[PDB]
Each structure stands twice: as C-alpha cells, then as structure tokens.
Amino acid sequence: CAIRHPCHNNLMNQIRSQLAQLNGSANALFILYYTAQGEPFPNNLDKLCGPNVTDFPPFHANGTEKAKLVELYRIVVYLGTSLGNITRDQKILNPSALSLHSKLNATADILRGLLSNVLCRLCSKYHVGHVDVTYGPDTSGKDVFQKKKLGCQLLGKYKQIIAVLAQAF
C-alpha cells in the first residue's frame, strides 16, 4: 500500500473500463494463440484449449466489493505472471507469430494498469494493508507440447473468467 501521490477518485469507473477492454479482445488473443500453434490445436480446441480452473484463483461474483477486488487482484497477478511465461515460450516456439507476441504484451500492459487501480481502491477505500500472493508455476515442467497446451488452456480460462469479471463490478 505504498503510494507516490493521491490515488484517483474515479477508480471503480476506470477498472470497469479496464475489464471491458480486456473482455473485448480476449477472444482475439485466444484465436491468435491457437492459430499460431498450428495442428493439432485449431481442430481440437475442446481438449487442448478448454477453461481448466486448475489452481487458478477463485472468484465469487456474489461477494462484497472489497472481496471481489481482492479476488480480482490475485487473479490479475496470476494471469499477469502466466502471461509472461506464455510470451517467453511463444517468442521461442513461434518466433514468427509477430502479431501474437504483440497482443500478448498489449494484454500484459492493460493488466498491470488494472493491478495499480485495484490496489489503489483496495488501499484507499478498504485500508487492506496488503494482498496475499499466488503465482502461475510455468517451469520447464513440460515438453514443448505441454507448454503450448498449458498456454492454450490458460487463455481459454482467461476468456471465460474475464467475461464473468467484466460484468460483476
């Protein structure tokens, strides 16, 4: 909760705009990703790119504002880190998917901004003290294929969860 100057007074409206932004380009990010992987992903989306809530952080759209922002926070962090690994690998495995790399970063940038804003309402309105950590375990735990799949499943989960988040605030 360290601040460098006064947080903005239209935070909730801004994160709403940020969630919409995410939600409105997630489908394109997903599509870009599998299309860039090639066979056998485009044809087997259901079993290679489904939305698996593995260790993925929870979200109770029915919670209080404070509780949702705290869950949203852990989610963004999780996505944010999952996104770094995905891009790290994708720049190696598919060095040619220029468009893909680009949209990955663009989404990573939007996500950081969301963290800032969420952290700001959480500190300014709820004096939370701080929020608890939860990262995505990228690791070398997987031959090229498991990376591609884990990646594709994350984005699959991302596309689904984001929509749920986008209209719960």
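Note that residue numbering begins at 1 and tracks the sequence as displayed.
Higher mean CA temperature factor between 129-137 and 97-105: 129-137, per the PDB entry. When the mean C-alpha temperature factors of 43-51 and 108-116 are read from the deposited coordinates, 43-51 comes out higher.
Highest CA B-factor among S25, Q146, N9, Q160, as stated in the entry: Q146. In the PDB entry, a CA B factor belonging to the highest third of its chain's modelled residues is recorded for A61.
The PDB entry assigns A168 a C-alpha temperature factor belonging to the highest third of its chain's modelled residues. When the modelled residues of the chain are ordered by their C-alpha B factor, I86 lands in the middle third.
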